[PDB]
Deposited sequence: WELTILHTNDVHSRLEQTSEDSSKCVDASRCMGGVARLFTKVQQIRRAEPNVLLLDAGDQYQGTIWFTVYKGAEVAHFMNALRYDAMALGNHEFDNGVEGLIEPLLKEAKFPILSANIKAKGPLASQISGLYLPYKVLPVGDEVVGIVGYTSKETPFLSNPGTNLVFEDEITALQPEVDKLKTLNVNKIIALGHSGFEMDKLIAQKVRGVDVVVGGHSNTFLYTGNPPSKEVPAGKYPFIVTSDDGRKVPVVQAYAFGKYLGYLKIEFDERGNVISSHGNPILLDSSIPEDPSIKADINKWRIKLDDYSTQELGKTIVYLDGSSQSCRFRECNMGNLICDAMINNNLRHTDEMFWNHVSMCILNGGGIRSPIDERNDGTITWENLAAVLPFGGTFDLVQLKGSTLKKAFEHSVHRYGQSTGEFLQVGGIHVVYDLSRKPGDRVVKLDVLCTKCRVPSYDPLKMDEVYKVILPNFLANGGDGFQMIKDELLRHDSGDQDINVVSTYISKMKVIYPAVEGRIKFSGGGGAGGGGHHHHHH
């Protein structure tokens, strides 16, 4: 018995086709992704193959003005038009609180929404009953396939789920669900969820009964053979994990932003054991036509976003690299621009820290350098503030160690900086990787970089998200000596670009590796 799995993850409000770097589509002839194109490819597979499932591994919420304006209503409408079979909750599904998940998405979706490790309590428990499920048993031809869902246990530190939801350990909560399916004679089981590639391999190894793992969160690109675009593979597609019960478990992910459609063909025996598997993500480029009916519908919804002011805030003569491949791994000029904008607005304090997890999109310079509100909203969508904090040298050293404590997994805590020169040695054990930390003096007439002192006190400008312990920055929230509310994030950056008129941020050696 053969099953075809079609899968998307971390679409992040890319409803329309985009530029290859997943920023706004300008040169339409070379544009990729979007739901209109995705529908054409999905229909080509469904008409050719008998047993097909279309799955989403979370983070459809947040990314463009489509979500700023429609707040998830666009997600339910277009995922329904594409006839997704199941979706697992991501951390971004909680960005507008529980109320912002229930009303636009859970009540309007015509497909099951899954998460086995999220438990509701108090008054909310009765209100959210049946709105999301731990699993779904789906008929596929004359057979049945069990799909078990999971969501990152880190969601309370990344989003707004509130106090009436408990995030259990993924492996602990998934085992009673898989066991229940096996007692119900469901021999084919897919683990679909949003925790990242490292947790996906752990679920494949330790959750007895799981046949295939379909994940997201880490924007992992897997490929077998010569890759078709700029994404570099982290391993082969699928990635094979040998479980603790000696079975080969395929693990898959399909990058992010709807650029690719994941495609895996599984050969099962009569007892639901995986005999073999093969496939690859499919690049959704201009050679695949956008579906005419979906496009016409996308255009109708686009009218409300078209009333947004298309006025030029300013110009860039350089590419503004806000890609996660850069800003979560190294110094990126978008990070330097925002940290310099933060310092400049406040002086109208020489040090700045900014998590890569907060930088959500790059900005292209080829459209006569024009920067609009729409371009900026995709970079800074959370509506947070840039606040003043007083920190000890020891707290600052702890935040920089946390910045790289699990380097290489594409996590949000990596820090972009202003008025700070940091050197990291990744060969050293976690918590002892900062080899050099020089900061700009304040008690000096002429500013210059001096070694950080553990017993000294520093004034830093950072997002209110980090002062509140976001991205696991617990040492900031617990040890800060002062915290003053600042100006709105996007407004600080638009004001800076308007004053400067022409911007040119560079990678100047603020972050170095040994």
| item | value |
| --- | --- |
| Unmodelled intervals of the deposited chain, in order | 349 to 357, 524 to 538 |
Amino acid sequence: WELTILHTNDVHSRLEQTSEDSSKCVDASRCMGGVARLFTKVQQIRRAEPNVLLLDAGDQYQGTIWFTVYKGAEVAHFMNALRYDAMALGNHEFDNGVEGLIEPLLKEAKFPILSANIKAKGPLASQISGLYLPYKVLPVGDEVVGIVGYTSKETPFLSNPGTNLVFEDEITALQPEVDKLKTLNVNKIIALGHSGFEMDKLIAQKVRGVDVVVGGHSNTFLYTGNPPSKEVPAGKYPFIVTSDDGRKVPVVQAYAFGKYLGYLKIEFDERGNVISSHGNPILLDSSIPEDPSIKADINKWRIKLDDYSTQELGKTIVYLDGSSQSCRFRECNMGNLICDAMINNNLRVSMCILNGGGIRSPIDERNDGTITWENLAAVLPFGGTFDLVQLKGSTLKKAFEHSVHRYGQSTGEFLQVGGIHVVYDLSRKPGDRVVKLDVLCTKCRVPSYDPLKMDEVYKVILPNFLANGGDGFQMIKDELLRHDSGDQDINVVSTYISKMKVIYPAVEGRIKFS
From here on, numbers count along this sequence of modelled residues.
| property | result |
| --- | --- |
| Between 188 to 196 and 224 to 232 (mean CA B-factor, as deposited), the higher | 224 to 232 |
| Higher-B stretch (mean Cα B-factor, as the entry records it), 300 to 308 or 175 to 183 | 300 to 308 |
| Criterion, highest CA B-factor; candidates, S361, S410, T155, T163 | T163 |
| Out of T370, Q416, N80, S159, residue topping the C-alpha B-factor column of the entry | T370 |
| Within-chain third of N464 by Cα B-factor, per the entry | middle |
| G146 - Cα temperature factor, lowest/middle/highest third of chain | lowest |
| Relative C-alpha B-factor of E267, binned into the chain's lowest, middle or highest third | middle |
| Cα B factor band for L347 (lowest, middle or highest third within the chain) | highest |
| Third of the chain's Cα B-factor distribution that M454 belongs to, per the entry | highest |
